[PDB]
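Take a look at the structure set out below.
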Amino acid sequence: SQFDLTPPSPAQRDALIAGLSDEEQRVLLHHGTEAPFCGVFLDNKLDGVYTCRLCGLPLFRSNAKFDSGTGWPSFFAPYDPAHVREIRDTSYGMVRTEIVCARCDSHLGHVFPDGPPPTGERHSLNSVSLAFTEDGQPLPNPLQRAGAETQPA
Ligand SMILES: CNC(=O)[C@H](CC[S@@](C)=O)NC(C)=O
Ligand SMILES: [Zn+2]
């Protein structure tokens with residue numbers, strides 16, 4: 001990865017958390033799920049990068065976005081394999097794989113093996129877990145880190 005994946009320290013973490021909605025906290029920090037069909041990014045024409053709403057880490061490119069019919073924004077591949085981490089989720093007596101932001105450990109959604117080609121993979125996202133940066137615009141980079149994060153998306 002061209003990005004510094006070092007977790008923010010408790011101070012940087014709380015600084016960013018403080019800027020977060022009630023609802024954003026519910027999803028990102030407490031494993032919550034958006035009401036399906038309601039998220040701002042469910043339909044989004046634009047070319048660019050979907051970043052972690054907490055720490056700004058690029059998570060998904062628009063060129064990997066597709067319509068799954070589930071009511072959540074969906075991607076067949078992450079920005080970079082190392083940017084999205086998989087965690088076992090046994091909640092609701094189901095067996096699922098939660099996806100978290102590899103840097104800040106925030107909740108994003110789940111990944112499923114029922115996606116389309118090329119990958120056969122479906123990353124199912126909460127729109128509220130994401131911020132969007134259009135192609136060529138500067139990334140939010142709230143942790144002010146070097147490398148690709150100072151570059152336009
Ligand atoms: C089987 N599908 C599920 O569990 C989906 C995955 C959505 S992502 C945004 O967490 N969620 C439900 C049923 O709440
Ligand atoms: Zn993050």
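Just follow the structure's listing: the first ligand is 1, and inside any ligand the first atom is 1. For the single chain, residues carry numbers from 1 onward in sequence order. All heavy atoms count here, side chains included; hydrogens, waters and symmetry mates do not.
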Sidechain-backbone polar pair: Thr51 side chain, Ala131 backbone, donor-acceptor under 3.5 Å: yes
Enumerate the residue pairs fulfilling salt bridge (charged side-chain N to carboxylate O under 4.0 Å, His left out) with a member in residues 88-100, sequence neighbours excluded, ordered by first and then second residue. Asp89-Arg96
Should the pair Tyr79 and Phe3 be assigned to parallel (<30°), tilted (30 to 60°) or perpendicular (>60°) ring geometry? perpendicular
With the 4.5 Å side-chain cut-off for hydrophobic clustering, are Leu130 and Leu28 part of the same group? no
Could you pull out the N/O contacts under 3.5 angstrom between ligand 1 and the surrounding protein atoms?
residue: ligand 1; atom: 4 (O); partner: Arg96; partner atom: NH1; Å: 2.6
residue: ligand 1; atom: 10 (O); partner: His110; partner atom: ND1; Å: 2.6

Could you tell me how the ring of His110 sits relative to the ring of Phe112: parallel (under 30°), tilted (30 to 60°) or perpendicular (over 60°)? tilted
Show every donor-acceptor pair shorter than 3.5 Å between a side-chain atom in residues 8-20 and any protein atom, with sequence neighbours excluded, or say none if there are none.
residue: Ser9; atom: OG; partner: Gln12; partner atom: OE1; Å: 2.6
residue: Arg13; atom: NH1; partner: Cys104; partner atom: O; Å: 2.7

Kindly state whether the ring of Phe60 and the ring of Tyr50 have centres lying under 6.0 angstrom apart. no
Tell me yes or no: between the side chains of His123 and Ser74, is some donor less than 3.5 Å from an acceptor? no
Mind listing the protein N/O/S atoms less than 2.8 Å away from the Zn ion (ligand 2)? Waters don't count. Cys52 SG, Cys55 SG, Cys101 SG, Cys104 SG
Has the side chain of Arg103 got a donor or acceptor atom that lies under 3.5 Å from a matching backbone atom of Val84? no
